[PDB]
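What follows is one chain in structure tokens, specifically the form deposited in one PDB entry.
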């Protein structure tokens, strides 16, 4: 943290943040969501980290170089240490990326190594080669070298993600799946795990061995698992919570902006809200059915009438303001909603549905007041505009992600937030074989368009191919785009250090401080 001259600090430097739900895990190779990544950034530190404005910056690596965008060499700082006092070395990174790649780990982010194109990843994921064949090596204790199968100019931008953070081999091997318990865990970020009570709280405390510990100010941070956005706001205003989660309640948001405007933070955010269709299950394997659902949803009503928080109506998966995005707005987005409705009813009529034998299916969402209200509105709109019936179902966060990976569903609420600011952070998740692909979408034409983006050494061709890939996804109606997010949350006046400028929202509690009050 960089405390401004003249600022008076509180005697007690403690922070309480709401985290939306109970995390899937604290193991960097077993996580996939926002709540999980929020705690991971405080505990495990990879090669690079985001600074307070979101720029890729030095983490364990203090400097790095590349040869032809294919061989990347990272120089690790000599004083990087784990919470037990042992040095962080290049051997820790070799072990960790191999564990991520190994199919026996079954990481939801195994494909992150495919996105960065590390040598031999496809064969390792398929079981044809051992994980020790991965294109990474330690040249010495402080030098980590990565080899790619093709030139990737933006490779270093990927390295702030939790999936490529180091894990402690000795704890993993001795305790197996219990390595993350407080008595066994070892961490290398600014904080250490103090307490963990499932469905109550996660408490972290300063790690005195962290290399940049002299600049850390907050001594303790608590993360809570509150899924009701109303309850989060209530406990913030009562004084218990210093920072809410970034999901705001429809019941109170308008009033909050009038009552405490300076505490209501609303900033740009690279995420898309959509309804994920299970593309491999009838009758959702029929493009006429997917297209009807996509067109019949009224984005103006949802965005401006129901939520009214500043989100923008969506027509694509990748947000149009992503660095490198130059997307073409589909002609169906320009029509009236009436014209969209007629096209949708005609398509369902062609697919065999009638008044006596309508289309009926499930709409799954993760427990939340906001997602429930949005799903109710969508159900009503689809009933009125298209004559379809839906059954809403809620599931806890960890269970919800598992259901989507299994294909245990019909249609599901969904969000995707960028891991790095480049269109492939989104597009790579729709590749036929991606570990992040919960749409269960497989298109040879889509896969080829993305493969061609790193076969050219040019950005205009690259951006044009990304636009064509979005057109292919839209043509097939793989998903139902709803809105591009704004990042809305409440932050007390005494919490310093949060700029609102990072469009990925990669906060580190080591950068915050409590002003005397």
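Numbering follows the first chain given and starts at 1. So that the term is clear: the rigid core is the largest set of C-alpha atoms that superpose within 1.5 Å between two forms. Shifts are known only where both forms have a C-alpha.
Averaged over their C-alpha atoms, the temperature factors of 263 to 271 and 170 to 178 are higher for 170 to 178.
Set 39 to 47 against 61 to 69 and average the Cα temperature factors; 61 to 69 ends up higher. The maximum CA B-factor among the listed residues 423, 352, 225, 189, taken from the PDB record, is found at 352. When the C-alpha B factors of 249, 324, 85, 108 are read from the deposited coordinates, the top value falls at 85. Sorting the modelled residues of the chain by their CA temperature factor places residue 440 in the middle third. Compared with the other modelled residues of the chain, the Cα B-factor recorded for residue 240 ranks in the middle third. Compared with the other modelled residues of the chain, the Cα B-factor recorded for residue 333 ranks in the highest third. Annotation for residue 5: C-alpha temperature factor in the highest third relative to the rest of the modelled chain, per the entry. In this PDB entry, the Cα temperature factor of residue 121 sits in the middle third of its chain's modelled residues.
The same protein has a further form, the form deposited in another entry, not shown here; the description that follows concerns it.
Annotation: the position in 168, 319, 162, 116 displaced by at least 2 Å at CA between the shown form and the other one, with the core superposed, corresponds to 319. Three angstroms is the minimum change: in the other entry, the CA atoms of residue 458 and residue 73 sit closer than in this structure, by 3 Å or more. Expansion of the residue 401-residue 40 CA spacing by 3 Å or more is recorded in the other entry, set against this form. Superposition on the rigid core leaves 272 to 308, 310 to 416, 426 to 484 as the runs of at least three consecutive shared residues whose Cα positions differ by 2 Å or more between the shown form and the other one.
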